[PDB]
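Protein chains in written order, with the UniProt record's numbering: chain A, 1038 to 1136; chain B, 694 to 742; chain C, 743 to 827, 855 to 1037; chain D, 940 to 988; chain E, 546 to 594. Even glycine gets a Cβ: it sits at the ideal position worked out from N, Cα and C.
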Amino acid sequence: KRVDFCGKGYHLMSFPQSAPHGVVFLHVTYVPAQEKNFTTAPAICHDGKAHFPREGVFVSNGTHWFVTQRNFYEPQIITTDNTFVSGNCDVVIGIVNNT
Amino acid sequence: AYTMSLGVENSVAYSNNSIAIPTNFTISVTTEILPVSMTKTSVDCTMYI
Amino acid sequence: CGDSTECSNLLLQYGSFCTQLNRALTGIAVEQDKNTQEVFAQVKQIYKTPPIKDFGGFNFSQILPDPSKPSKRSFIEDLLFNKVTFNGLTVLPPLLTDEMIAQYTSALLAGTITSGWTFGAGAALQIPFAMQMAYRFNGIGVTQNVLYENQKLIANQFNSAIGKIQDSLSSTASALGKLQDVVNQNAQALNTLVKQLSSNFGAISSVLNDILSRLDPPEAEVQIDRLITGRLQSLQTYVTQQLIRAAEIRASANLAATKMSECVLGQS
Amino acid sequence: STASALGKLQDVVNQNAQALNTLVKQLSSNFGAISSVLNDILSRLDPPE
Amino acid sequence: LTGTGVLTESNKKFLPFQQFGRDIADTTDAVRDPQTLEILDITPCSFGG
Ligand SMILES: *[C@@H]1O[C@H](CO)[C@@H](O[C@@H]2O[C@H](CO)[C@@H](O)[C@H](O)[C@H]2NC(C)=O)[C@H](O)[C@H]1NC(C)=O
Ligand SMILES: *[C@@H]1O[C@H](CO)[C@@H](O[C@@H]2O[C@H](CO)[C@@H](O)[C@H](O)[C@H]2NC(C)=O)[C@H](O)[C@H]1NC(C)=O
Ligand SMILES: *[C@@H]1O[C@H](CO)[C@@H](O[C@@H]2O[C@H](CO)[C@@H](O)[C@H](O)[C@H]2NC(C)=O)[C@H](O)[C@H]1NC(C)=O
Ligand SMILES: *[C@@H]1O[C@H](CO)[C@@H](O[C@@H]2O[C@H](CO)[C@@H](O)[C@H](O)[C@H]2NC(C)=O)[C@H](O)[C@H]1NC(C)=O
Ligand SMILES: *[C@@H]1O[C@H](CO)[C@@H](O[C@@H]2O[C@H](CO)[C@@H](O)[C@H](O)[C@H]2NC(C)=O)[C@H](O)[C@H]1NC(C)=O
Ligand SMILES: *[C@@H]1O[C@H](CO)[C@@H](O[C@@H]2O[C@H](CO)[C@@H](O)[C@H](O)[C@H]2NC(C)=O)[C@H](O)[C@H]1NC(C)=O
Ligand SMILES: *[C@@H]1O[C@H](CO)[C@@H](O[C@@H]2O[C@H](CO)[C@@H](O)[C@H](O)[C@H]2NC(C)=O)[C@H](O)[C@H]1NC(C)=O
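Structure follows, in structure tokens:
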């Protein structure tokens, strides 16, 4: 888990091979690509309360808001089972309205 | 002979309500070579000197 | 030898002590260049920060570069640079100039402000700074819930800490101990090496011209042999000390590279 | 196809070989004496010098 | 005060009884000529790889 110790990217596994006076590693790594743009917001105001995402991030494609994992674009609709509530939303700077 | 260029200069399109999420991946295999040993050597005084 | 003929002739028959003597120093210099390259050249592009800056309240003016200054160095770098300070020996300039080092650091710092840690794996991904801090609280146990409800207080604490470290560096000296010690050690080694050229080493004088001018070669050669042995001993000791110190510096540089890789480009 | 990929191990081997070779070549140095071989100097002198 | 170098003009002031100066590590750095009593300077003519 320590960054850049073995492999540029996210490490997956490795293989050792011998060499006349040393060793050779073949670091297998995962690297993301083909990025895109979206519009974000740190919380969601519903009935005054401020829902936050359990794991992921809020995004929007112009009309609809989605919650996705942070390393691969995969949008899921927003439901009360992947968000948790904390107080009411007037002290948070960046709230947006939604359902 | 010329002056070194540290790399291509780009400006990341920072804002305060915009993010970028990857949509595809690749898997890369890269090598790395490390010595672990050196040849063992012994020397006899009387023979050499 | 100090540009003399018979001295060179006498030193010639000693075999090749000096080829590896120069080889070691050349290897050391290449090692320093590699050290700097591996410590700083962690990025592929050169990033820049936007002119308009709204980082949720955090204030980076003390560490971000300012175009007004000719060196394009930030305030803290100015404080650090202000606080701290030929007989056949030569000093060579570093391959990278301080301007390029400052550019590397500025690119790193702008990337970590605007992109996060994602720029260490692939291509930099923009992320608003506030909702990046919520990703760093989540990695130490505290939920993100806290940060969005204490944003202003957190920003004020961070700014106050920045000002406090600014003043602590500015007024109180003797904080940059290690670098000063390294510089003083190198200077002391060079100076004590230089001063050895005024020693008899058991001979009649420390100047070649006088000993060759009031004698004849039959025993002037013996005196020159004594001088050569002494100077060779001193030079060999100096080279060995340099090698040991270079090993220590390389260990420190490897530690610094690991710290930059693991704490700057990610949360430890 | 590409060469010079195994740089570090080759450098280590070359360093060791060069050290051995330069150690061997030191046997041909007078070191300020009259010869680099013992047999002739023993055979054309007396023990004193 | 035998030695090789390049002699230039300087600006420092000797007290009326010195003959020559030095800076650190005991290396001559300036000489007063015994004819016009002016302060010269000494710089080693360049060398390098
Ligand atoms: C996301 O949007 C931003 C802004 O719209 C893009 O950044 C600009 O893209 C245009 C392309 O027409 C360039 O001409 C500009 O130079 C870019 N801005 C800067 C500051 O360089 C960005 O490219 C978009 N992201 C993706 C993945 O397309
Ligand atoms: C943003 O994404 C949403 C969800 O994918 C889109 O909404 C649907 O889009 C499809 C076509 O892509 C339509 O057939 C549906 O009627 C839309 N609504 C629903 C409820 O499914 C929306 O079009 C996307 N907008 C943009 C600008 O990309
Ligand atoms: C993101 O930045 C924009 C522009 O810097 C902010 O928009 C401003 O919002 C304030 C009140 O919130 C308005 O008075 C300004 O007129 C807006 N500026 C413009 C150019 O329209 C926005 O508030 C920022 N959002 C966050 C969460 O920081
Ligand atoms: C989001 O929705 C809330 C609640 O509907 C809005 O807050 C109300 O706005 C109206 C009109 O500005 C006021 O008369 C009310 O007093 C507000 N509060 C309540 C409890 O109704 C809010 O303006 C909407 N937009 C944003 C950006 O928050
Ligand atoms: C993600 O990238 C991969 C390649 O890295 C894409 O796979 C290629 O897709 C094209 C068209 O479908 C094929 O002609 C190629 O043969 C595929 N490559 C391989 C190695 O199989 C993949 O389509 C991309 N994913 C998306 C959603 O665009
Ligand atoms: C970030 O901190 C700096 C340092 O205090 C602020 O610069 C000060 O600005 C005030 C008013 O503009 C001046 O009176 C001070 O003299 C400035 N300090 C220095 C050292 O010049 C800067 O304003 C802060 N950032 C923001 C956005 O306010
Ligand atoms: C020794 O050096 C010269 C030799 O004549 C003299 O000093 C100069 O004398 C000339 C004419 O004889 C004058 O024009 C110069 O102004 C003199 N210069 C100086 C510095 O004296 C003098 O005989 C002796 N000078 C000294 C300093 O001992």
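If you measure from the beta carbon of residue 1011 of chain C to each beta carbon in chain D, is any gap under 7 Å? Answer no: the Cβ-Cβ gap between residue 1011 of chain C and chain D never drops below 7 Å.
Alpha-carbon to alpha-carbon, residue 866 of chain C and residue 809 of chain B: Not covered by the structure: residue 809 of chain B. The range shown for chain B is 694 to 742.
Who are the Cβ neighbours of residue 1134 of chain A in its own chain at under 7 Å, not counting the five residues just before and after it? Cβ-Cβ distances below 7 Å link residue 1134 of chain A to 1082 in the same chain, with the five nearest sequence neighbours on each side left out; the list follows chain order.
Distance check for residue 1090 of chain A and residue 1132 of chain A, CA to CA, integer angstroms please. Their backbone Cα atoms lie some 13 Å apart in a straight line.
beta-carbon residue 1131 of chain A near ligand 3 non-hydrogen atom, thresh 6 Å: Residue 1131 of chain A Cβ: within cutoff of ligand 3.
Is the distance from the Cβ of residue 1111 of chain A to the Cβ of residue 1117 of chain A below 7 Å? No, these two residues do not count as a Cβ contact at 7 Å.
Apart from the five residues on each side of it in sequence, which residues of its chain come closer than 8 Å, Cβ to Cβ, to residue 749 of chain C? Correct list, in chain order: 743, 977, 993 and 997.
Select from the region 944–971 of chain D all residues with a C-beta closer than 7 Å to any C-beta belonging to chain B, and list them in chain order. Listed by position along the chain: 945, 947, 948, 951 and 955.
The beta strand (DSSP E) that contains residue 1125 of chain A, what's its start and end? 1120–1125 is the span of the beta strand (DSSP E), which, as asked, contains residue 1125 of chain A.
Is any heavy atom in ligand 6 found nearer than 6 Å to the beta carbon of residue 914 of chain C? False, no ligand heavy atom lies under 6 Å from that Cβ.
Closer than 7 Å by C-beta to residue 588 of chain E: which residues in its own chain qualify, once you throw out the five before and the five after it? Chain order, please. Excluding residues within five positions, the ones whose Cβ falls inside 7 Å are 550, 551 and 553.
Please specify which runs of the alpha helix (DSSP H), each continuous and at least 4 residues long, are wholly inside the region 906–984 of chain C, giving them in chain order. DSSP runs (the alpha helix (DSSP H)) wholly in the region 906–984 of chain C: 920–940, 946–964 and 977–982.
Any beta carbon from chain C within less than 7 Å of residue 1085 of chain A's own beta carbon? The Cβ of residue 1085 of chain A sits no closer than 7 Å to any Cβ of chain C.
Got a sec: is the Cβ-Cβ distance from residue 1044 of chain C to anything in chain D below 7 Å? Absent from the model: residue 1044 of chain C. The displayed extent of chain C is 743 to 1037, so no value can be given.
Buried or exposed (CB count within 10 angstroms, at least 16 for buried), residue 789 of chain C: Label assigned to residue 789 of chain C: buried.
Residue of A:1107, A:1114, A:1108 and A:1109 minimising C-alpha distance to residue 1100 of chain A: Closest option to residue 1100 of chain A, judged by alpha-carbon separation, among A:1107, A:1114, A:1108 and A:1109: A:1114.
May I ask you to report which of helix, strand or coil DSSP gives residue 1033 of chain C? Reduced to three states, the DSSP call for residue 1033 of chain C is helix.
Any residue whose CB is nearer than 7 Å to a heavy atom belonging to ligand 7, listed in chain order: The set of residues with a C-beta under 7 Å from any non-hydrogen atom of ligand 7 comprises E:580, E:581 and E:582, given in chain order.
What does the shell around ligand 1 hold, if a residue joins when its beta-carbon is under 5 Å from any heavy atom? Going along the chain, the residues that qualify are A:1072, A:1074, B:704 and B:706.
With DSSP collapsed to three states, give me the class of residue 1018 of chain C. Of the three classes helix, strand and coil, the one that applies to residue 1018 of chain C here is helix, per DSSP.
Between the region 779–798 of chain C and the region 879–893 of chain C, can you find at least three pairs of beta-carbon atoms closer than 8 Å? Of all C-beta pairs linking the region 879–893 of chain C to the region 779–798 of chain C, three or more are shorter than 8 Å, placing the two stretches in contact.
Suppose contacts are defined by Cβ-Cβ distances below 7 Å. Is residue 1035 of chain C in contact with residue 924 of chain C by that definition? No, these two residues do not count as a Cβ contact at 7 Å.
Below 8 Å, can you find three or more Cβ-Cβ pairs linking the region 718–726 of chain B to the region 939–959 of chain C? These segments do not touch.
Check whether the Cβ atoms of residue 1054 of chain A and residue 1065 of chain A lie closer than 7 Å to each other. It is not a contact, given that the beta carbons lie outside the stated cut-off.
First and last residue of the uninterrupted alpha helix (DSSP H) at residue 741 of chain B: First-last of the alpha helix (DSSP H) with residue 741 of chain B: 738–741.
With DSSP run on the structure shown, which of helix, strand or coil describes residue 593 of chain E? In the structure shown, residue 593 of chain E sits in coil (DSSP, three-state: anything other than H, G, I, E or B).
For the alpha helix (DSSP H) that residue 820 of chain C lies in, which residues bound it at each end? Start and end: 817–825.
Specify, as a first and last residue, the run of the beta strand (DSSP E) that residue 1050 of chain A falls within. Where residue 1050 of chain A is concerned, the enclosing beta strand (DSSP E) stretches over 1047–1050.
With a cut-off of 8 Å on the beta carbons, I'd call residue 901 of chain C and residue 907 of chain C a contact; round off their distance for me. Incorrect: roughly 11 Å between the Cβ atoms, too far for contact.
Return yes when the Cβ of residue 962 of chain C is within less than 7 Å of the Cβ of residue 1007 of chain C, no when it is not. Closer than 7 Å, so yes.
Restricting to Cα atoms, I'd like to know which of B:732, B:735, B:725 and B:698 is closest to residue 1063 of chain A. Residue B:725 holds the alpha-carbon nearest to the alpha-carbon of residue 1063 of chain A among B:732, B:735, B:725 and B:698.
Neighbourhood of residue 558 of chain E by C-beta, 8 Å cutoff - its chain only, sequence neighbours within 5 removed: These residues qualify, in order along the chain: 584.
Under 9 Å, CB to CB, which of the residues in the region 1055–1068 of chain A have a partner in chain H? Absence of chain H from the displayed structure is noted, the protein chains being A, B, C, D and E.
Go to residue 1082 of chain A, then tell me how far its beta strand (DSSP E) extends in each direction, as first and last residue. Unbroken beta strand (DSSP E) run through residue 1082 of chain A: 1081–1083.
Tell me, please, which residues DSSP counts as bridged to residue 1056 of chain A. Answer is A:1059, bridged to residue 1056 of chain A.
Between which two residues does the alpha helix (DSSP H) holding residue 782 of chain C run? Run containing residue 782 of chain C: 760–782, per the alpha helix (DSSP H) assignment.
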